[PDB]
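Undergrad: Just the starting chains for now, same placement as in the complex:
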Amino acid sequence: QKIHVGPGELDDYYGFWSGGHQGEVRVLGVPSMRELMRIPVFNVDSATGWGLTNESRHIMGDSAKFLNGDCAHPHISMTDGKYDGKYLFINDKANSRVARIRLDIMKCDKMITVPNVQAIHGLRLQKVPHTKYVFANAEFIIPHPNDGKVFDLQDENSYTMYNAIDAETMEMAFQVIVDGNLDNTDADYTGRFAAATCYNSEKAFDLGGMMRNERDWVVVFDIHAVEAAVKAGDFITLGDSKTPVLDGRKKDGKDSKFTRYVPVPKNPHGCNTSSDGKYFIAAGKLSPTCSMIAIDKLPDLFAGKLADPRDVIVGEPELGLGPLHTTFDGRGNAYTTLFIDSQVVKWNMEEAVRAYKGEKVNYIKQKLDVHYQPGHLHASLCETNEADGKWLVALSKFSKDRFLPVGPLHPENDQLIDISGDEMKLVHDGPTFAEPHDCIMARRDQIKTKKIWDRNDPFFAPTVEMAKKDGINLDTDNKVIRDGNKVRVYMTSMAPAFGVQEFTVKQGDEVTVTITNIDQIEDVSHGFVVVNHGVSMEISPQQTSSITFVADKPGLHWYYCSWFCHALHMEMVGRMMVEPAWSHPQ
């Protein structure tokens, strides 16, 4: 299998890496493991202006005030259990958000703050019939309402919630109150069932208290029952949020219609659906096991045809110390990270099932040493029924001496492993910044990108509407619109010239500069920087972008095109002249 991508050769897969604590999404080529693009999401990006432009801040809403995010879980939308290449979704634990990225323009186009929750961590997509819902875990128990009167996690109104976001509208669909808390989550291959691990069944805040129970659980959601209750209006609302809220807690030992609690040891973490649709597989973490939940036994479980919730477990292989996460080659094998043993263990799922029934069989096929302390891992197309068993990435936390020293901070070691055969083979150590934690791969033919924006693209449609109120045709106009103490500059740009090369304002004026790149050639990006005003953005071919700033300094102030666009790139400059406040009314 081709391991190295030479000058002139192209990668075979796209890889979408979480940006970890840094807050972006990164596009890599696989197997070269080189970063091809950065997609700003929860970070403020100086290069493109994401977080500074009006278009990006409009998408971020009120959360545009935050300069940080904490990503972990990137996933690609699906149709009939295969990637369809339309959207990527990612979580923000730091400020409780979910973001959607459009894979044709490789930009975040929608973002939502999940109401009435703290810390959006685990995130996974419905597989079948398509990604109608984005499922997202809120990790931490909070009071409801969280108004400062009650702080006790054991109060009857202190809880966290499972969250479902409409993937296409990026509005909330519903929320399910659960017992305990939520860690990771996955979905079945029918649309009926989703599942989440819980590590805090104790609802504690101290470390010992969170580890008290021998078993926490994976909570299983009957989404069909949830949708039925919403359509019937059997729900409540919290605060000023109109999101339907359903109660999935046990009340005095009796189950709700919406949930079932399957005892699983211990502080389990990973929650992974096998590519054949047979199992929710939970990684035991503090327990040296994984637990295998038979999805075809869930209808019976929710119908009361089983006596004990444990009866849906058909395997609990002992695997090694600190199992965290599992992935699949599509050949019947599972691959699980062992954080403490520092390995990836390859095991046969159907043989583990037989061992649970008492048959002595060695389901463990191979243990590969990794370097070191692996968290999550990802096999190519593992979240689809097209799981191809070619590439595996294990994302290890402590890189130690695997790379040159670079001061007190260390990179994550994202190691590429060849799993096309019976023997796992380590082929590449990829260092990455701010702990990506997890990633997702797609074949080259599953991603189709645009090189030239459409003029009606929704990403800047609000800006087009603003332009229209000023009577502006953005494709042609080079005009300075004045409006009180607001100035709206509209210009085309075509390398190597700004359509407006100078304009004059009053000190204190609020200046909006809107640029429409009317070059129609691939890869002629322009930039726009106003010197010493903290203003910077990118404008790709046929895009409109805009940015607003206060002309708070009198005098002449240069602006320039930041992105190398033309042999005369260095002459693509202009001047803003700011008349001093003392020559104007006060």
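TA: Thanks, I have it. Numbering: from 1, shown residues only, chains lettered A, B, ... in the order given.
Undergrad: use CA for all of it now, contacts and neighbours both
TA: Fine.
Undergrad: Three-state assignment for residue A:401, please.
TA: Assigned with DSSP: H, G, I helix; E, B strand; the rest coil, residue A:401 falls in the helix class.
Undergrad: Pull the number of nearby residues for it.
TA: Residues within reach of residue A:401, counting by other C-alpha atoms under 10 Å, total 10.
Undergrad: contacting residues around it?
TA: If you count contacts by C-alpha atoms under 8 Å, 6 or more residues apart in numbering, residue A:401 has none.
Undergrad: I'd like the distance between it and residue A:413.
TA: 11 Å (C-alpha to C-alpha, to the nearest Å).
Undergrad: Which residue ranges of the stretch 401-550 of chain A form helices?
TA: Assigned by DSSP state H, counting those that start in this stretch, the stretch 401-550 of chain A shows helices spanning A:461-469.
Undergrad: likewise chain A?
TA: If you assign secondary structure with DSSP state H, the helices in chain A sit at A:54-60, A:207-210, A:223-231, A:298-302, A:349-356, A:461-469.
Undergrad: now, of the ones you listed, which is deepest in the fold?
TA: Highest mean neighbour count among those (mean count of other C-alpha atoms under 10 Å): helix A:54-60, with a mean of 21.
Undergrad: Mind giving me the packing neighbours of that helix?
TA: In terms of contacts (3 or more C-alpha pairs under 8 Å, 6 or more residues apart in numbering; DSSP states H and E), helix A:54-60 is packed against strand A:107-113, strand A:544-550.
Undergrad: of all the ones you listed, which lies closest to residue A:213?
TA: The closest of those to residue A:213 is strand A:107-113. By C-alpha to C-alpha, the value is 32.2 Å.
Undergrad: Direction included, what does that closest one pair up with?
TA: strand A:97-102 (antiparallel) (DSSP bridges).
Undergrad: here's chain B, add it to the model above:
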Amino acid sequence: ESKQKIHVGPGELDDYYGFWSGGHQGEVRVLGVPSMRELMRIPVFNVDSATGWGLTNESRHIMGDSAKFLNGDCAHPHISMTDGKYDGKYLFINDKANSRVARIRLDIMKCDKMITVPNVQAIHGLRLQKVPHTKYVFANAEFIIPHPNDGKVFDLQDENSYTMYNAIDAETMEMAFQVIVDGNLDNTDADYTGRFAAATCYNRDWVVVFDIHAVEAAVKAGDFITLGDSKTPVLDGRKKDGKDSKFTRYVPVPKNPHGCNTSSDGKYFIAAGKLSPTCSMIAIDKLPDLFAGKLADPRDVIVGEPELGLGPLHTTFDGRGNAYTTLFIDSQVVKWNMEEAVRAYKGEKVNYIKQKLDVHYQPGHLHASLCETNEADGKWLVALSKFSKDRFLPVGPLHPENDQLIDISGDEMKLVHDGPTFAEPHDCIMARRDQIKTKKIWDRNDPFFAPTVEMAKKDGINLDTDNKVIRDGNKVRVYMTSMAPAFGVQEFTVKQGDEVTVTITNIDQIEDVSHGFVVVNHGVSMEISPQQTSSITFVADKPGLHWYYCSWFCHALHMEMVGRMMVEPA
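TA: Below is chain B, added to the chains above:
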């Protein structure tokens, strides 16, 4: 033969550090060479969610008032030198967007100082004194502006409209002096003695040469002015009625010249012709006669002007006598022999061109290993090309820069790797592995957080041991140690509206056990490495219980390393 191993397999280490400009994104990146893998990101002019740079009090103190800016535009990274060789102390980098120079300490891989250059706009070209050491950082301000720039005069041809050449004291990161010039400044470099520096310039254009010794003598005697509210000594290096300054000479060079590169034997300032398909070679050994008025014509210091190809932009050196120049239009790197060019300029029939290698596509800068030092080793070359076209998978409307690694160890250049990079790094610098010595554990006395140690002292806090909440009006100062997997303060209570500062000291002593600190839904994030103190300030404007958690994976029980901030309603 060019035969070097290009593959760094698992368990093997790179041979060089590469320091990449972060381009329009504003950071510095540390790469391993020859793998071309990114080992680390160093935040500088960007705000980094991961480490908290731009949010923490320590970082905002370094940035000063410019902490209000969330952007930067980097191009020119360079490493400090002693006796013409890299000494591993500091990296310096420019910010064209908000007119800054930043210093990175290579032992901790953090920006530790930053200056806004006064009375200029757009710090672009930047390079370091070589000899006897990097006393000065030299920085070009690109754009001509009025002086003062108070909105009375906007005319760029006015007598008081100009730009200036800037010298920053490398060790103090305070301004040393500024020299007014004629024209706009592009790129700059320094000689191997400390007397001379030079910059490409325009409005045939020129390479202006600076007699730094003469500038220093005038500062010592007090023959300077100051501008506005900056105490920086300002010297006038302009021509006046055809009469030369004592500080400058203008050497005519065609045409809109761009790169300005000192050969590693110290013989030449080489200016890349750009619009002229040439480079111009200025003989540094003739500059003293030039300034002494002993030459008849400024063009007499030009000892070579080889024709190389269309659009020469930048030049580097293998230490074997060859120069390598990017041809932007022809889209190549051309290898040529400098002494043969000098003889050709005299009329000898000698072909100084050795090889042209196609690169992909439109190269700007290039960099050979140790090229800025008299130890230039002729092993690796990186050419940084702007239009990557079909060399990588398509990724939407934006495109990566193509930073191509070329083996120059033998007679023939060989292209070995295409490295895609984000936001047009533009230029880079390499150092031998043994030229860089980094700390894995912080020193408790490090100046990076010494202002925070000082704050702790006024509160009576021993940062190494204490877990205490200090109340001070509507200000709350939490101090805590952290040791995986537990925050030393796991809960604290404040009043809605309080201004909370959380100072965390990581007292783990094992390498690479970093902790984080994130306050959910408050925009608060930072990293604390072993034996570091880091602090962050935010207002508790929302009543109720608000979780904080450790963001950096520190322990098997990392997920459980959490705490609770309780906010009582107003």
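Undergrad: In light of the added chain B, please revisit what packs on helix A:54-60.
TA: Under the contact definition 3 or more C-alpha pairs under 8 Å, 6 or more residues apart in numbering or on different chains; DSSP states H and E, helix A:54-60 sits against strand A:107-113, strand A:544-550.
Undergrad: Could you give me the buried positions within the strand of greatest length in chain A?
TA: What stands out as the longest strand in chain A, according to DSSP state E, is strand A:82-92. Within strand A:82-92, the residues that qualify as buried are A:82, A:83, A:84, A:85, A:86, A:87, A:88, A:89, A:90, A:91, A:92, counting by 16 or more other C-alpha atoms under 10 Å in any protein chain shown.
Undergrad: Out of those residues, flag the one nearest to chain B.
TA: residue A:92 (9.9 Å; C-alpha to the nearest C-alpha).
Undergrad: Which residues are in contact with the closest one?
TA: Residue A:92 makes contacts with A:23, A:42, A:69, A:70, A:71, A:72, A:98, A:99, A:119, A:120, A:121, as judged by C-alpha atoms under 8 Å, 6 or more residues apart in numbering or on different chains.
Undergrad: Just to check, the second one is in contact with residue A:68?
TA: Which is residue A:42. Yes. Between residue A:42 and residue A:68 there is a contact under C-alpha atoms under 8 Å: 5.8 Å.
Undergrad: Now the common contact residues for the two.
TA: residue A:23.
Undergrad: For residue A:358, the count of nearby residues, please.
TA: Residue A:358 has 9 neighbours, counted by other C-alpha atoms under 10 Å in any protein chain shown.
Undergrad: what about it, distance to residue A:310?
TA: 16 Å.
Undergrad: now residue A:187
TA: 19 Å.
Undergrad: The two: who's more crowded?
TA: With neighbours defined as other C-alpha under 10 Å, residue A:187 and residue A:310 compare such that residue A:187 has more, 27 against 15.
Undergrad: Pull the contacting residues for the more buried one.
TA: By C-alpha under 8 Å, 6+ apart, the neighbours of residue A:187 are A:124, A:125, A:126, A:127, A:193, A:194, A:195, A:273.
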